[PDB]
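Some notes on the structure that comes next.
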């Protein structure tokens, strides 16, 4: 249920969470799901996608 | 290896990927890993975290 930060992390966008090594973190359930780095074969664009929006080919 | 978009998705930050239903998407390997929505019990802040930066308590 609970995780611990292994390294510092500085936020890079409005939506990520900054934390320090040692912080205790609780994972939450969103409707979008986990986010994956993806490349669109249709458009050539790249970036993070919500896993719950996609299904295997 | 390949996934298909089930719904349209409009990007909300500089780092996510917009796509339309039907696009074919390839998942890529980054050093940060998959991203999870998390709540810091240490600071009370909330947002997405790189999974490879944390370990179970």
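Protein chains in written order, with the entry's author numbering: chain A, 84 to 140; chain A', 84 to 140. A prime marks a further copy of an entry chain.
Note that beta-carbon positions come from the ideal geometry of N, C-alpha and C, so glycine has one too.
Chain A contact residues for residue i, given Cβ-Cβ distances below 9 angstroms
| i | result |
| --- | --- |
| residue 130/A' | 94, 96, 97, 98, 99, 100 and 101 |
Simplified DSSP assignment, three categories, for residue i
| i | result |
| --- | --- |
| residue 136/A | helix |
| residue 91/A | coil |
| residue 85/A' | strand |
| residue 130/A | strand |
| residue 124/A' | coil |
| residue 100/A | coil |
| residue 108/A | strand |
Residue i at chain A interface by Cβ criterion, 7 angstroms
| i | result |
| --- | --- |
| residue 114/A' | no |
Cβ distance (whole Å) where residue i is taken to contact residue j below 8 angstroms
| i | j | result |
| --- | --- | --- |
| residue 110/A' | residue 124/A | That belief does not hold up - the Cβ atoms of residue 110/A' and residue 124/A are roughly 11 angstroms apart, past 8 angstroms. |
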